[PDB]
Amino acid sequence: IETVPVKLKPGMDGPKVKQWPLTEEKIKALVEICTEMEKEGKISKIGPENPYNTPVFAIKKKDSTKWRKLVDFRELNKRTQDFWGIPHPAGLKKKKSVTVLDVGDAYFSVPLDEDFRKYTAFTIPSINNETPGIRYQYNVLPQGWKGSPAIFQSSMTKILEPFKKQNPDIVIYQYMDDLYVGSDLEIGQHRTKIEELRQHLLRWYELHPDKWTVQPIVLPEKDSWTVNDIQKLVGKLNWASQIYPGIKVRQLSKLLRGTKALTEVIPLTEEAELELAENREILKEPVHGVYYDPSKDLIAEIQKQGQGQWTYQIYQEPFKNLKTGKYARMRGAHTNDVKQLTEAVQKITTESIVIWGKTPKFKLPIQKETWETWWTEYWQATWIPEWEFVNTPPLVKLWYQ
């Protein structure tokens, strides 16, 4: 009910990001939504004296046909001053289950600092540039802005104070417009407790971190090896030697002596079996000296494995993986690679939010134009991470398969 002054970083002007084209149905949905919000005072129209702009588009979240309004506040977020910190809950990732709630509506009750409102301007575009776009700015705390949770932290703490005092075994975390609730109950008791918390938030996405861990490097176990089998094995072990110190491949390369056919069976010598066993024992241990640095960026790499299978690695230093995984979920994206990649980006980003409380920078195996053309059609999250595009096919593909 009282506005807190908000400013920008020194020497930085407001965002001036071009609005990209939208389909007619998304434009109509945003027209209806923004009209309703204008009748409720959440946004107000602006004149040409406001040169700032932030992209906007429309989505449809899970299990809902209602269009939702999504603002790409990335540029404004990184141009907004740093708000200060609550240490990340290191036990949220250790809990048995976590449920994500959309507490975005609660932001619309808190007014926004007047002098800052000119920086949240956005444009509903028109088809074929026929008429001028409909320009708005926010009067209250907008969803997607990084200052909205920072400002609401006191109010949110006051709201959840009884629930936190009631169940000390339930971890509560907040990121952007989402509230993460970790516990160890039963799925039924979990859902009933979530209904209790959502009505507790009313009067004022099952995710199990235990079923996801880190993945070791595994070598084949065969009774007969071909020249090709041993060539691939030596390639993979040589690659893993960048990660593990003691990997050696000389006794296995000694078997390849000569110009043999690739399909010819080669029996393993005893020295070769010994070297392979030592390499197994080395791979069974974790990686040497792998730490998380909150001052550094998180990098995520995604490889397409085919047949709807995808691998990913989150690291900070090359060969120092903080997390690895393999998203192979099939949910109505059998014939669309971009939809699969987008859902994978969303899941990986969510995991990254749970573990470290921030999003990673993605390296996407897709051409810039395809992704930029289609990614908003399958996006369902309220946040947006950063991404770049790898254009050279990496060789370490099958080494993660």
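The numbering used is simple: start at 1 and walk along the sequence shown. Take the two forms, find the largest set of C-alpha atoms that superpose within 1.5 Å, and that set is the rigid core.
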Quiz item: Quick one: with the core lined up, is it 172-180 or 223-231 that wanders further in 6 other deposited structures of this protein, going by C-alpha RMS?
Solution: 223-231
Quiz prompt | Rigid core superposition result in 6 other deposited structures of this protein, more deviant of 59-67, 27-35 by Cα | solution = 59-67
Quiz item: Does the entry skip any residues of the deposited sequence between residue 204 and residue 205, and if so, is it 1 to 3, 4 to 9, or 10 or more, or none at all?
Solution: 10 or more
Self-check item: Gap size between residue 85 and residue 84, counted in deposited residues that the entry leaves unmodelled
Solution: 4 to 9
Exercise. Would you mind comparing 51-59 and 328-336 for me and telling me which has the higher average C-alpha temperature factor in the entry?
Key: 328-336
Quiz item: Mean C-alpha B factor from the entry: is it higher for 309-317 or for 138-146?
Solution: 138-146
Quiz item: Per the coordinate record, which of the options 292, 239, 122, 116 holds the highest CA temperature factor?
Solution: 116
Exercise. Name the one of 127, 156, 252, 247 with the greatest CA B-factor according to the PDB entry.
Key: 156
Exercise. Taking the chain's C-alpha temperature factors as the reference, tell me which third residue 257 falls into: lowest, middle or highest.
Key: highest
Exercise. Could you look up the Cα B-factor of residue 264 in the entry and say which third of the chain it sits in: lowest, middle or highest?
Key: lowest
Self-check item: Third of chain Cα B-factors occupied by residue 222
Solution: lowest
Quiz item: residue 10's Cα B-factor: lowest, middle or highest third of the chain?
Solution: highest
Practice problem: Place residue 363 in the lowest, middle or highest third of its chain's C-alpha B-factors, as listed in the PDB entry. | Solution: lowest
